[PDB]
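If you use the authors' numbering, the sequence shown corresponds to residues 51 to 463, 468 to 573, 576 to 860, in order. The C-beta atom is built at its ideal place from N, Cα and C for all residues, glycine as well.
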Amino acid sequence: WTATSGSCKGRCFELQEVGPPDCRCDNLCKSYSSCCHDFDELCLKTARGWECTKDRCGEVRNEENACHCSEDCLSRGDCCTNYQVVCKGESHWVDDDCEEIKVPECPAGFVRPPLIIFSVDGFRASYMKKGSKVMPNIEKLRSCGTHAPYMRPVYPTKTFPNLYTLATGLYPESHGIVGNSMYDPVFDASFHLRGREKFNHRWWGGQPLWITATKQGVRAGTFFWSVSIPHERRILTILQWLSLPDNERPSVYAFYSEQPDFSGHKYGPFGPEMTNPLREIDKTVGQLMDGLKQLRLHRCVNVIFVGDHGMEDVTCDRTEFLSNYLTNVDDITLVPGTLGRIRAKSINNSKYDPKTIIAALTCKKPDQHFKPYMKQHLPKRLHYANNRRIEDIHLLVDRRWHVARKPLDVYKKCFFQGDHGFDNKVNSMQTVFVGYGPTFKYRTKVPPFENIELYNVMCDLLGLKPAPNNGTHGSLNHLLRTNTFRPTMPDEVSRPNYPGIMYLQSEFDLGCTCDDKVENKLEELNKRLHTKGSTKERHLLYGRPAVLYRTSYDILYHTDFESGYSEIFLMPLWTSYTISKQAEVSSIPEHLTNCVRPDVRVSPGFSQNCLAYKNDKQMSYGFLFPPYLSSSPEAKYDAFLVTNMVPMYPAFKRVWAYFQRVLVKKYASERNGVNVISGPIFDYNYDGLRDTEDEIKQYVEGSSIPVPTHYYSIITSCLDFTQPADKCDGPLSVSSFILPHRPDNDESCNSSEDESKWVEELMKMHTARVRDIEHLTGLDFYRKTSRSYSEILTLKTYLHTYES
Ligand SMILES: *[C@@H]1O[C@H](CO)[C@@H](O[C@@H]2O[C@H](CO)[C@@H](O[C@@H]3O[C@H](CO[C@H]4O[C@H](CO)[C@@H](O)[C@H](O[C@H]5O[C@H](CO)[C@@H](O)[C@H](O)[C@@H]5O[C@H]5O[C@H](CO)[C@@H](O)[C@H](O)[C@@H]5O)[C@@H]4O)[C@@H](O)[C@H](O[C@H]4O[C@H](CO)[C@@H](O)[C@H](O)[C@@H]4O[C@H]4O[C@H](CO)[C@@H](O)[C@H](O)[C@@H]4O)[C@@H]3O)[C@H](O)[C@H]2NC(C)=O)[C@H](O)[C@H]1NC(C)=O
Ligand SMILES: NC(=O)c1ccc(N2CCCC2)c(/C=C/c2ccc(OC(F)(F)F)cc2)c1
Ligand SMILES: [Ca+2]
Ligand SMILES: [Ca+2]
Ligand code: NA
Ligand code: NA
Ligand SMILES: [Zn+2]
Numbered sequence: 051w052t053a054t055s056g057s058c059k060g061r062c063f064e065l066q067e068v069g070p071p072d073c074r075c076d077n078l079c080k081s082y083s084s085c086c087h088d089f090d091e092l093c094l095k096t097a098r099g100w101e102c103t104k105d106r107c108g109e110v111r112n113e114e115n116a117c118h119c120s121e122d123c124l125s126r127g128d129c130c131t132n133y134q135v136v137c138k139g140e141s142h143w144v145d146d147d148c149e150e151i152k153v154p155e156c157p158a159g160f161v162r163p164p165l166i167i168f169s170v171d172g173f174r175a176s177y178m179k180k181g182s183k184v185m186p187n188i189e190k191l192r193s194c195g196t197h198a199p200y201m202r203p204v205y206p207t208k209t210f211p212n213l214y215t216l217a218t219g220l221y222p223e224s225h226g227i228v229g230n231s232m233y234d235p236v237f238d239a240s241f242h243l244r245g246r247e248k249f250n251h252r253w254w255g256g257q258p259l260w261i262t263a264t265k266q267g268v269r270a271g272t273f274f275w276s277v278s279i280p281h282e283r284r285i286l287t288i289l290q291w292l293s294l295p296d297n298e299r300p301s302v303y304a305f306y307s308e309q310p311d312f313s314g315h316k317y318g319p320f321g322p323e324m325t326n327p328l329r330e331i332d333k334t335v336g337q338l339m340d341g342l343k344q345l346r347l348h349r350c351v352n353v354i355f356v357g358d359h360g361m362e363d364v365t366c367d368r369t370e371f372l373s374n375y376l377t378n379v380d381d382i383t384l385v386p387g388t389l390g391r392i393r394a395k396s397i398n399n400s401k402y403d404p405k406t407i408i409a410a411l412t413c414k415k416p417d418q419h420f421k422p423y424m425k426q427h428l429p430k431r432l433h434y435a436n437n438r439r440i441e442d443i444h445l446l447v448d449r450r451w452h453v454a455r456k457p458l459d460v461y462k463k468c469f470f471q472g473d474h475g476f477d478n479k480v481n482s483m484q485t486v487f488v489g490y491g492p493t494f495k496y497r498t499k500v501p502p503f504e505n506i507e508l509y510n511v512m513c514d515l516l517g518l519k520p521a522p523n524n525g526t527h528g529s530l531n532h533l534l535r536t537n538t539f540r541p542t543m544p545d546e547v548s549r550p551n552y553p554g555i556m557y558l559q560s561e562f563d564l565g566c567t568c569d570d571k572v573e576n577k578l579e580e581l582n583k584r585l586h587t588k589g590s591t592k593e594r595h596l597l598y599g600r601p602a603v604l605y606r607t608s609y610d611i612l613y614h615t616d617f618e619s620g621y622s623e624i625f626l627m628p629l630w631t632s633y634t635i636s637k638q639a640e641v642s643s644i645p646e647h648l649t650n651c652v653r654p655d656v657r658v659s660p661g662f663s664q665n666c667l668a669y670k671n672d673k674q675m676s677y678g679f680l681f682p683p684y685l686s687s688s689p690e691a692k693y694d695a696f697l698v699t700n701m702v703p704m705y706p707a708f709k710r711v712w713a714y715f716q717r718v719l720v721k722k723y724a725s726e727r728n729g730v731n732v733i734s735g736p737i738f739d740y741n742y743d744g745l746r747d748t749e750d751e752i753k754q755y756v757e758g759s760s761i762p763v764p765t766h767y768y769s770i771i772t773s774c775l776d777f778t779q780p781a782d783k784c785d786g787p788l789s790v791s792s793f794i795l796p797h798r799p800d801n802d803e804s805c806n807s808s809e810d811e812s813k814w815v816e817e818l819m820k821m822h823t824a825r826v827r828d829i830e831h832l833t834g835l836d837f838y839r840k841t842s843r844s845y846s847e848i849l850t851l852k853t854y855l856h857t858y859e860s
């Protein structure tokens, strides 16, 4: 109940929201149907429009007008944004040449530059170039401030997940807004864009910027605007708040625009009708900047222009229907569209089985336009599994497509020409970032980055301590003139052992064999030196990874590779090796095909054994350092050590062997040498974080050998490819992957063909940031380079996307 009989007199767009049943005058009161009776009259004035004209200049104040052109308007803070231009001979902000803002130039009583976030729904990254002729204010922000060619949204590339990620620095799985529609089985409640459930606080996890600010004594403008409040009024309200006395004035503000998304759905991302919404958004930016200029704040405020996601061409005719695949379509609930999420229609139906649904959805049609996944098998880069609101079955839909349950859903709910929600690496889903103001750099282009990074920077801009989040704080220091955050590298928690030769061959009873019984003082000292680390400079190029948790492990040196061998997991945590452009690929010789050799540096008790693999009919093994890339016939024996062996399903061995035999040498040829670090990952509870021992769900049959859920590789070379990877003077270049360790290749519909037709496609889908691997392994890479630590943090958040 609302007692809408109070009044909004002197309360229009009040900051503190009052409690029911007292009526509200805040910018969201319309959304709650709780505004006081006179809210429209007093707070939503429209009379005479939004612009001064010549005849209005110096007018007598009429309180009824939307904005003012009287002499008193400046001290009242409520002039039309073009007042000084029309009436005082001033220029529009956009017509002024840009001049570097070297220091904040702020009016007295301003304690810090205010931050204004100007957020635009559905603003596709390529609109910055393609619409630049019709967006002169935005183009000035872009060219004069700091910009990225695009900013990567989070998956799913929907509005609510991305807006809340922007505000929190969190992945959707952590902040809890995992879709625009959700069902939470614990609450037994549904979240929808329409309706009241979405205002319940229990949906919204983490800590958004406006709460971080308030908790630390920084006043925030309300970030949200009821849809019926026109943009011009949103701007005037922000400019009015900026005129408040110092003790009442917010330091952070947000504007939100439902455009160009609204029109993009109707017309497609580049429909001819899209020009007008882009002009309109530019005009709104113009009003803000002219308004700031009138307040003498245009060289004081940091302005962020940022989108939530892009927009793709999608029409009704490009819809896959689950009724064309499933016998039992009425026994499931689908959350449809540009991603699919499936669960049981009834929790009472015990005939429901996700395995038979996945199978019925797998490679059934030649050009099938979605792919089914159990959520834990989705590419780890999406970070889209660790939440009870994310259904176990997920459909990754091809760009330009929809999935629906039955045809009647699509013509009983063609209209639209645009949509979004797809995989966040899809080019059409990329969005925009521009920062302009004293704290941002001048005329600086920065590489693309992920929106999860911005919360930290917005906290930096406001002098706030960020709540714990998924950004990597310092990775965006290159955007900033000042307020940089200078982190220290984490401290190593476990130091390695460096074992020498401690065991005789006969102490091992591993059931392994190797034909290595075939035989020099020149060359004997040489191989001893290799075991002591004499080639380590070649193969460990950026220092050894640091282990950031408590464990027992050994550094093992070899001619061709170095490893950190875990006594607890019976395998390396990491294996590091460098392959020059000149390296040659060889085969596994016949007499060594089934060779596994005891490692006399590591006890039988801390070793794998071959008998376990013999007995486990499902499980085979592979090697982390590939025997194919041995530097010599004699060094090749090192590659068959039991301490280089890892458990691998035969289906996975197809992928791995092609990566090792063919792809590594290809990358070395193309990149002028590569350094490779490979290893296992164990993430049985799909939380994106390293499992402890007691979380491991699967072992090689009969043994204590844990089975990895994933295998990673980090592939580093010189950004200047005229220099070899191992003699690089400047910035690095990296690509990485986290490949799912699966007992079939059902994910790859073409896997019956030669690995040259499907393996690299699989690896591209599972591309990763070094930072993703760090979370999953508890390791910290690149500890010893010549490079600045912030530069290294940027490198660690890099994602190689393979979008051309
Ligand atoms: C991305 O960044 C984020 C933020 O840094 C990372 O997430 C953090 O990860 C931590 C480890 O997983 C986690 O720490 C845990 O905190 C538990 C208490 O958490 C509550 O309080 C905090 C602080 O206010 C709050 O943020 C939490 O909010 C979550 O839950 C609410 C309500 O459910 C949601 O609204 C909200 O969205 C959020 O949900 C997300 O996180 C939870 C996990 O907390 C998930 O389950 C959800 O799916 C969702 O993703 C909470 O309100 C605390 O209980 C934990 O302690 C256990 O483990 C420790 C290890 O130190 C152990 O010593 C303890 O004994 C304890 O175990 C006991 O409980 C077990 C489980 O019930 C039980 O089995 C045992 O027997 C024990 O009794 C733990 O310390 C932190 O909460 C989250 N934070 C957030 C915001 O998500 C994330 O990891 C990053 N991602 C990547 C890939 O790097
Ligand atoms: N109609 C609206 O006004 C409306 C409605 C729903 C909104 N969200 C949906 C999920 C969370 C809130 C927002 C978003 C506000 C917002 C503005 C700027 C932002 O970028 C940042 F964080 F960088 F500041 C982040 C969030 C605005
Ligand atoms: Ca949106
Ligand atoms: Ca885990
Ligand atoms: Na086997
Ligand atoms: Na297949
Ligand atoms: Zn949309």
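Run of the alpha helix (DSSP H) containing residue i, from where it starts to where it stops
{"i": "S224", "result": "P222 to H225"}
{"i": "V480", "result": "Where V480 is concerned, there is no enclosing alpha helix (DSSP H), given that its DSSP letter is neither H nor E."}
{"i": "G314", "result": "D311 to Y317"}
{"i": "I611", "result": "Per DSSP, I611 belongs to no alpha helix (DSSP H); it is in the beta strand (DSSP E), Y609 to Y613."}
Cβ shell of residue i (< 8 Å), same chain only, five flanking positions each side left out
{"i": "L376", "result": "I382, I407, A410 and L411"}
CB contact flag (residue i, residue j, <9 Å)
{"i": "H427", "j": "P799", "result": "no"}
{"i": "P404", "j": "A454", "result": "no"}
{"i": "residue 575", "j": "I506", "result": "In the model as presented, the chain runs from 573 straight to 576, which leaves residue 575 without coordinates."}
{"i": "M324", "j": "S307", "result": "no"}
{"i": "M483", "j": "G360", "result": "yes"}
{"i": "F173", "j": "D477", "result": "no"}
{"i": "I227", "j": "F249", "result": "no"}
{"i": "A116", "j": "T103", "result": "no"}
{"i": "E370", "j": "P319", "result": "no"}
{"i": "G834", "j": "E223", "result": "no"}
{"i": "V353", "j": "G517", "result": "no"}
Residue i - DSSP class collapsed to helix/strand/coil
{"i": "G357", "result": "strand"}
{"i": "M339", "result": "helix"}
{"i": "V756", "result": "coil"}
{"i": "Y693", "result": "helix"}
{"i": "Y845", "result": "helix"}
{"i": "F305", "result": "strand"}
{"i": "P796", "result": "strand"}
{"i": "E282", "result": "helix"}
{"i": "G661", "result": "helix"}
{"i": "residue 893", "result": "The first residue shown for the chain is 51 and the last is 860, placing residue 893 beyond what the model contains."}
Extent of the continuous beta strand (DSSP E) to which residue i belongs
{"i": "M627", "result": "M627 to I635"}
{"i": "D514", "result": "Counting along the chain, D514 falls outside any beta strand (DSSP E), though it belongs to the alpha helix (DSSP H) covering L508 to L515."}
{"i": "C774", "result": "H766 to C774"}
Contact belief for residue i with residue j at Cβ below 8 Å, rounded distance in angstroms
{"i": "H474", "j": "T841", "result": "About 38 Å separates the two Cβ atoms, so there is no contact after all."}
{"i": "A781", "j": "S769", "result": "That belief does not hold up - the Cβ atoms of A781 and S769 are roughly 14 Å apart, past 8 Å."}
{"i": "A724", "j": "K637", "result": "6 Å"}
{"i": "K343", "j": "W100", "result": "That belief does not hold up - the Cβ atoms of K343 and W100 are roughly 16 Å apart, past 8 Å."}
Spatial neighbours of residue i in its chain, beta-carbon cut-off 6 Å, leaving aside the 5 residues before and after
{"i": "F487", "result": "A198, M201 and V356"}
{"i": "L191", "result": "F355, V488 and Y490"}
{"i": "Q754", "result": "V763"}
{"i": "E618", "result": "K592, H595, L596 and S632"}
{"i": "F241", "result": "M232, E247, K248 and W253"}
{"i": "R839", "result": "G599 and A602"}
Own chain residues within Cβ distance below 7 Å of residue i, not counting five before or after
{"i": "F793", "result": "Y768, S769, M819, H822, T823 and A824"}
{"i": "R252", "result": "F237"}
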